[PDB]
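>>> model the structure of this input:
(one chain, ligands or ions: 3)
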Amino acid sequence: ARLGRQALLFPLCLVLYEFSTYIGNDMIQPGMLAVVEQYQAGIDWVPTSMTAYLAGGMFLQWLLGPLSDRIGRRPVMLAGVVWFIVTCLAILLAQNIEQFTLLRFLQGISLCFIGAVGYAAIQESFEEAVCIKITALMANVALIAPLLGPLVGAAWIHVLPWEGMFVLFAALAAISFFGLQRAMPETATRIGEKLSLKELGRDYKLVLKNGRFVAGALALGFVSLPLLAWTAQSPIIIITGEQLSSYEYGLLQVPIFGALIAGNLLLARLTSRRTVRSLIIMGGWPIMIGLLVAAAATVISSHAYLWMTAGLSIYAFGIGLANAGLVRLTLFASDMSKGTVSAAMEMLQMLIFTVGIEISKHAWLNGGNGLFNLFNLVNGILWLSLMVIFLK
Ligand SMILES: C[n+]1ccc(-c2cc[n+](C)cc2)cc1
Ligand SMILES: [Pr+3]
Ligand SMILES: [Pr+3]
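Numbering: from 1, shown residues only. Ligands and ions are numbered 1, 2, ... in the order given. Next comes the structure:
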């Protein structure tokens, strides 16, 4: 007898899935030093784990939304959960870092199911008032994962093997599979209809023609790249770069991702009395000053990692205050299907993350902290350059 508890279990398991796909990245980065050392791979493969994971995350959004609309939101979502489980277990059999990285890419495809079909079902199932509550919980999980992940991941690889992490990801996903199997409704409104890739290609051609949309989408990518670059490389900057331990590594996540949360909590308070664009200008100050301080500090003094951390913290506060607003404006910058717009901007900004982490990596390998931070400053400037057009 499940109908009252169904209204709560369905969003909970999707959030559990969202959480485990997220720590599936955030727990793995600290443990990536163990992985590299166990394959004898070289530290340059540490950020590439995330690069491949995110590259998979942009692989199928365009398809999965309209496909699940045609064949069912249940069978497509459940397939994504199974896929994550199977690919999480398959990585234990990887014989080199290339195979590890390749499965890391296959595991990344699991992210595409969250918004394009999972959240689509939340939109199609719940009232606007309840939908807001669920979206908020999804946002709170997206804030906790990149703080919990590195802390728990650093602690994990001093007692347990990295393999065990993937067992944990598959287990949490397995729990969410059984929960979704019982509780998820079937809310696809086009079951039976034919899907036309040629027609769908025209939809994505039309959104890319929208100048104001593309400007906002790229800006979201550019502005979050410093934060994503830090997540990817902080294990190699702090531990192998600065010759520090796991404690320092983990400790330095607190002011940065704490600052992110602080930026979101203030946004929540200030939202009723500030327009979206004023919050973008408001948050722009800590973003620019933060990135500028981190750059200036590590150019004049290469090993000033506390000044770098403080710079990223001030920057992160700006991101928490500005991003949610810019996401909103970008969505409504294109008067086209919300499924296509969301998939487009999710896809576009992740193109920037994947390429950006790779350039970021080479910046640090060839120039250390100074060139790592300077590249992050360029990204801020590119976000700011786009904002003066996008806003004025
Ligand atoms: C799959 N995925 C999750 C979270 C982000 C994300 C990007 C930028 N920020 C600021 C937060 C979260 C991107 C992709
Ligand atoms: Pr058409
Ligand atoms: Pr269409």
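
>>> so how far is residue 211 from the closest residue to residue 341 other than its chain neighbours?
Spatial nearest neighbour of residue 341, excluding adjacent residues (Cβ to Cβ, 6 or more residues apart in numbering): residue 334 at 5.0 Å. Where you see a C-beta, it was placed from the backbone N, CA and C, and this is true even at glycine. Per Cβ to Cβ, to the nearest Å, residue 334 is found 10 Å from residue 211.

>>> ranges for the helices of the stretch 51-200 of the chain?
Assigned by DSSP state H, counting those that start in this stretch, the stretch 51-200 of the chain shows helices spanning 61-71, 73-90, 97-108, 112-113, 120-125, 128-156, 162-183, 197-209.

>>> so which of those helices is the most surrounded?
Highest mean neighbour count of those: helix 112-113, a mean of 28 (counted as mean count of other Cβ atoms under 10 Å).

>>> packing partners for that one?
Packing partners of helix 112-113 (3 or more Cβ pairs under 8 Å, 6 or more residues apart in numbering; DSSP states H and E): helix 61-71, helix 73-90.

>>> how does it look with 7 Å?
helix 61-71 (3 or more Cβ pairs under 7 Å, 6 or more residues apart in numbering; DSSP states H and E).

>>> residue 27 contacts residue 149, correct?
Yes. Using Cβ atoms under 7 Å, residue 27 is in contact with residue 149, at 4.6 Å.

>>> OK, contacts around the residue of the chain found nearest ligand 1?
Ligand 1 sits closest to residue 224 of the chain, with a gap of 3.6 Å, by Cβ to the nearest ligand atom. When contacts are counted by Cβ atoms under 7 Å, 6 or more residues apart in numbering, residue 224 touches 319, 323.

>>> same thing but 8 Å
319, 323, 349, 353 (Cβ atoms under 8 Å, 6 or more residues apart in numbering).

>>> report how many residues lie close to the second one.
Translated: residue 323. 23 (other Cβ atoms under 10 Å).

>>> ok, now which ones touch it?
Residue 323 touches 220, 223, 224, 283, counting by Cβ under 8 Å, 6+ apart.

>>> and for the third one?
With contacts defined as Cβ under 8 Å, 6+ apart, residue 349 is in contact with 217, 218, 220, 221, 224.

>>> may I have the phi/psi pair for it?
phi -70, psi -30 (degrees, to the nearest 10).

>>> residues of the chain that sit close to ligand 1?
Neighbours of ligand 1 within the chain, by Cβ under 6 Å from any ligand atom: 57, 111, 142, 224, 227, 319, 323.

>>> and the second one, how many neighbours?
Yep, that's residue 111 we're talking about. 26.

>>> do the same with the first one
Applying other Cβ under 10 Å, we find 24 residues neighbouring residue 57.

>>> that one contacts residue 106, correct?
No. Residue 57 lies out of contact with residue 106 (Cβ atoms under 8 Å); the separation is 11.2 Å.

>>> which residues are in contact with each of the two?
By Cβ under 8 Å, 6+ apart, residue 57 and residue 106 have no common neighbours.

>>> and the helices in the stretch 251-392 of the chain?
Going by DSSP H, counting those that start in this stretch, the stretch 251-392 of the chain shows helices at 276-300, 305-331, 338-391.
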